[PDB]
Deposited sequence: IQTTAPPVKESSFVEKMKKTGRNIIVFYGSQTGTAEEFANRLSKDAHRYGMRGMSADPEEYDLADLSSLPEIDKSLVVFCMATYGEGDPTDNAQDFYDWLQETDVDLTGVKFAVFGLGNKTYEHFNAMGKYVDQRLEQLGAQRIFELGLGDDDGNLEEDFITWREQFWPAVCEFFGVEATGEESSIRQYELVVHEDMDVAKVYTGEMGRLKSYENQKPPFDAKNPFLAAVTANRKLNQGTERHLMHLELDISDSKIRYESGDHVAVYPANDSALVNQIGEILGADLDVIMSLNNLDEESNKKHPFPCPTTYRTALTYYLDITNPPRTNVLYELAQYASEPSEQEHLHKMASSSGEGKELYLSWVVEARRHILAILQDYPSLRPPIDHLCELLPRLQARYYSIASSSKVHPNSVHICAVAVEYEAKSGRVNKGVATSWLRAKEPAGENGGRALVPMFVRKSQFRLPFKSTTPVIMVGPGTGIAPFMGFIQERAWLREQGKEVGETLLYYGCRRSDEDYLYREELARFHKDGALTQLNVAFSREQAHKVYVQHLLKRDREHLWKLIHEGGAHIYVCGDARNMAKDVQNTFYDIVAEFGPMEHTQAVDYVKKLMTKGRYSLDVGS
């Protein structure tokens, strides 16, 4: 990872006084940065965004060489309160450096989520650390809560931030407003076909010419071997997929995640085009008007609107306030121009409307286009606004020791009645479902992501796995592997599964496979919880609570490892208590002593989580 030159120097040479580093994976932090960066301009200053992984943040000490200089960090938290991948260098650095940042003015906005225990560790860290080094805080730390509404949290913060800035430095709010574009449109007519991106993510033609290694930037088109329906009932659609990675040299261990780069719904794309009156089959490119930025285009180019809407753009999520504000200009009917503008208010009714009519109603772009017919923006400007389509992750359901040449996926297809009035569909799950094992084959641009979730190294350590619904996913690989080790002579301690589902004839995933593993003995216990076969709910905690005596015997004496995968707002929290209570009873020990004991197993590597909401 060859770093770029002193960003301070670039700022000097490009007349910029504020830089906004973004630490993110799904791009939300990146978005905020770009917004905060563009914002800078309307207040007499000029800023720029930047990936800290491309620079050496050691130069912060040089930043004071620029008048009215100030750095801003938009950081998100992951894993064990860990930084985003790209924010890793920055982190390790802040920890090891002793550098003096005297004269450095900063501000930090962190993206977190209250379900997790390490709420905005990064944000809190950077803010607090930069001070210890010497830099002076120009504005309070921002704690954005995604479980509530990060967007609004950002708004509220941003709104107070600029004035503070303006005041500390004595600068004007320079009239504000009047749309400013980032890219410039360039339509191509002669464009040699063989050089137009068709949905590749990295180098031109990387999808056709597959050359390792394969990473997020160079995914590996994997053939869909099997795509079966796992649920017996019809309430929902749960599926088991098997991606063939032969000849990819891609390594992986049960507990890792695999990511996919899906394609939006054809019909949904056609309509956006149609309702705008634009020819989606036009070949074009959006070159940055700043001939200095490294981000030459909003996405791969040259390409066609259809390709961008289909593979490069997120056209299904609720548009964020700034995208709607920018569009307000393209709505002829005033009534509508107003709502759109108002969408980015910090408070008032504008806020409530953006919160219920857009977010709560899950209204995506096309929906808003249909509901505000006077809104007919230019297709090229829309693409510059829409955010980038992300890859979806999946707990690899298989074990490397048994399926080295294949990755398995257990997923629940997303589909629901939105209050917007229509039916929304999960981008990747709908895409995945439509893959028929069968150019001709069914390929899925994927790539693996290593994780922390891992079976114990020592084959005799007791494993306790709590994974209701699709939470069982990673655990299918766990059991396969522990089954293997036994067929390999290896001595295997207890292996217990604590699974859950509605009814044994609705969503009892791997009812049969799990039946085998149990019969043969691979699974010491197979405690399953049918939450709907009786008046009262029977969740997995109840089972854990039921086996308190035994579990505590492997946790406290057998040094067993606890694994938790699935829902994070409830399932995980409820389970975590039950463990507090098991420890507190059989300890014995007050709640506090127990809560700690558990959290220790958590840090001492014996209690792993892998939840989301």
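- Comparing the deposited sequence with the modelled residues, the stretches lacking C-alpha coordinates are 1-6, 445-447.
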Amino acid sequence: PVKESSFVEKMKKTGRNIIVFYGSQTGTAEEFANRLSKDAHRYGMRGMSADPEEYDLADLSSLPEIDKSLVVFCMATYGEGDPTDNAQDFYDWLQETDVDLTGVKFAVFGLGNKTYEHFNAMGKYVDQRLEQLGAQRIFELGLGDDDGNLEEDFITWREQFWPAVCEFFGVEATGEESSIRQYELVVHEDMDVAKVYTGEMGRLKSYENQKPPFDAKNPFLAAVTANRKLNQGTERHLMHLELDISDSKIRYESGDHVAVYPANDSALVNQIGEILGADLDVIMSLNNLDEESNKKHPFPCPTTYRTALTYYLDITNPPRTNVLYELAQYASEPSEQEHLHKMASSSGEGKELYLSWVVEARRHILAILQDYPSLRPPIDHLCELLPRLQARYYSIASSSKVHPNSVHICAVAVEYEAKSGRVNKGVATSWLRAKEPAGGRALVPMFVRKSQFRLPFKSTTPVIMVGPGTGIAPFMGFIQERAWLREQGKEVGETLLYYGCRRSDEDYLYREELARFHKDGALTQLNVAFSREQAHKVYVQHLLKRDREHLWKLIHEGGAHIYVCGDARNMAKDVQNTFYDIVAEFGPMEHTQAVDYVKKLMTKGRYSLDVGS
From here on, numbers count along this sequence of modelled residues.
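- A summary of the deposited B-factors shows that, of 460-468 and 512-520, the stretch with the larger mean C-alpha value is 512-520.
- The stretch with the higher mean CA B factor, choosing between 357-365 and 332-340, is 332-340.
- When the C-alpha B factors of 171, 186, 423, 391 are read from the deposited coordinates, the top value falls at 171.
- For the set 494, 145, 152, 326, the PDB entry assigns the largest Cα B-factor to 145.
- Ranked by C-alpha B-factor against the other modelled residues of its chain, residue 553 falls in the highest third.
- Annotation for residue 261: CA B-factor lies in the middle third of the chain's modelled residues.
- Residue 485: CA B factor lies in the highest third for its chain, per the PDB record.
- Residue 162 sits in the middle third of its chain by CA B factor, as recorded in the PDB entry.
- Ranked within its chain, residue 41 lands in the highest third, by CA B factor from the PDB record.
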